[PDB]
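*Asks:* Below you'll find the sequence and an experimental structure to go with it.
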Amino acid sequence: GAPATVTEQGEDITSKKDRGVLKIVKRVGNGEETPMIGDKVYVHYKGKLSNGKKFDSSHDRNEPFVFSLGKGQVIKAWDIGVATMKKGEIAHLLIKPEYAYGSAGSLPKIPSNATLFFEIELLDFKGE
Ligand SMILES: COc1cc2cc(c1OC)OC[C@H](C)Cn1cc(nn1)CCCOC(=O)[C@@H]1CCCCN1C(=O)[C@H]2C1CCCCC1
């Protein structure tokens, strides 16, 4: 599946080069700019536990998910991953627990030491 493909092909976009956050670009975006810390960011996403016991999709709300980048309002993997993305880009992220919910997890929704996958489409980003 797409998770395995990210294991196999994904670029390690972590600073420590610990394979914590792996990325494949599925559709290239537009322009040169990627978002800065503080930018308001609009996305569509689908997320799941790597083994598929919980699935979550902004498409089910029929509206974008919006967050301020780099403020830790989302898991670290997103702050790192969305920061690499161009407007219009769709990317797959595979995320080790250290960059998601860790040893503690987020029970009952997310177990301890969970690996997460997401598909993310960066719709837009605008200055603070
Ligand atoms: C740990 O709790 C959650 C995790 C996740 C989604 C959660 C959630 O309950 C707060 O709610 C789903 C709800 C319908 C819409 N939504 C998203 C968020 N807040 N409300 C953002 C919450 C923080 O989530 C994240 O940082 C990441 C990246 C942004 C998108 C949501 N994220 C998730 O971790 C998801 C989980 C993905 C794997 C499958 C289970 C949900």
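*Replies:* Ah, there it is. Numbers count the residues shown, from 1 in each chain.
*Asks:* what about stretch 57-65, start to end distance?
*Replies:* Counting by CA to CA, to the nearest Å, you get 10 Å between the two ends of stretch 57-65.
*Asks:* what's the answer for stretch 13-25, then?
*Replies:* Start-to-end span of stretch 13-25 (CA to CA) is 12 Å.
*Asks:* List of residues touching it?
*Replies:* Stretch 13-25 has contacts (CB atoms under 8 Å, 6 or more residues apart in numbering) with 5-7, 9-12, 76-77, 80-81, 84, 89-96, 98-99. (C-beta placed from N, C-alpha, C; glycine too.)
*Asks:* quick one: that stretch to chain centroid distance?
*Replies:* Centroid separation between stretch 13-25 and its chain, computed with CA atoms, centre = their mean, to the nearest Å, is 11 Å.
*Asks:* Quick check: residue 60 vs residue 46, distance?
*Replies:* According to CB to CB, to the nearest Å, residue 60 and residue 46 sit 9 Å apart.
*Asks:* do the same with residue 33
*Replies:* 25 Å.
*Asks:* With residue 21 instead?
*Replies:* Here the criterion is CB to CB. By it, residue 21 lies 17 Å from residue 46.
*Asks:* what do you get for residue 74?
*Replies:* Remark: distance between residue 74 and residue 46 (CB to CB) = 15 Å.
*Asks:* Ok, residue 106 next?
*Replies:* Distance, residue 106 to residue 46, using CB to CB: 18 Å.
*Asks:* where along the chain do the strands fall?
*Replies:* All strands of the chain, identified by DSSP state E, fall at 11-12, 21-27, 40-49, 55-57, 65-68, 90-95, 116-126.
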